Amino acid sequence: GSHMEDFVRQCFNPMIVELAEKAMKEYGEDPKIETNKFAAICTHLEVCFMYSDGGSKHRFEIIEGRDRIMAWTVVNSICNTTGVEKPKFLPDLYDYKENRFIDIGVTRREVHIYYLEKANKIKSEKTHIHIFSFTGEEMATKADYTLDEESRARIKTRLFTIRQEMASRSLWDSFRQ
């Protein structure tokens, strides 16, 4: 029974927590053991939902937060109706305005380290990458940030608030691992 686990459950909304638990069990991981991974997964989910809230009404197809099988079905429907090429790793959204997948990442290192890692890893050239850090930095493919500045600013503010809440509990150092 860890502090981090109880922190996560009071820090994130129950819908987010439930999705994160589902996602971990589906990969055979235990939220009560891998408590830093639990916190990171909830964080990534909340950022993706906040990001999809920034678009105009029908701008995005949300991929993240679905069962893995259904998430790939929807990806397949998108590729088959748009011609866009199928990503090799599951992206988080599809942008119907810019006609591209978005892979969103949240990092405790300099943004460009994780940006570069994701770039090399998906190697699916056309997929848009957008990284946020817990210190207010962001980095996106082609310097095209997709959303208006306010919708990105509120994501940065929420991430620093998560960081402060962990630090106030002496949990930030082992999370930033």
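A residue's number is simply how far along the shown sequence it sits, counting from 1.
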Fill in the blank from the handout: Per the PDB entry, mean CA B-factor is higher for 28-36 or 142-150, namely for 28-36
Exercise for the section: Read off the CA B-factors in the entry, average them over 18-26 and over 158-166, and name the higher stretch. Expected result: 18-26
Problem - Top Cα B factor in the deposited entry, candidates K118, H130, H44, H58 - result: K118
Problem - Cα B factor band for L90 (lowest, middle or highest third within the chain) - result: highest
Handout entry: Third of the chain's Cα B-factor distribution that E125 belongs to, per the entry
Key = highest
Handout entry: Chain-relative CA temperature factor third for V106
Key = lowest
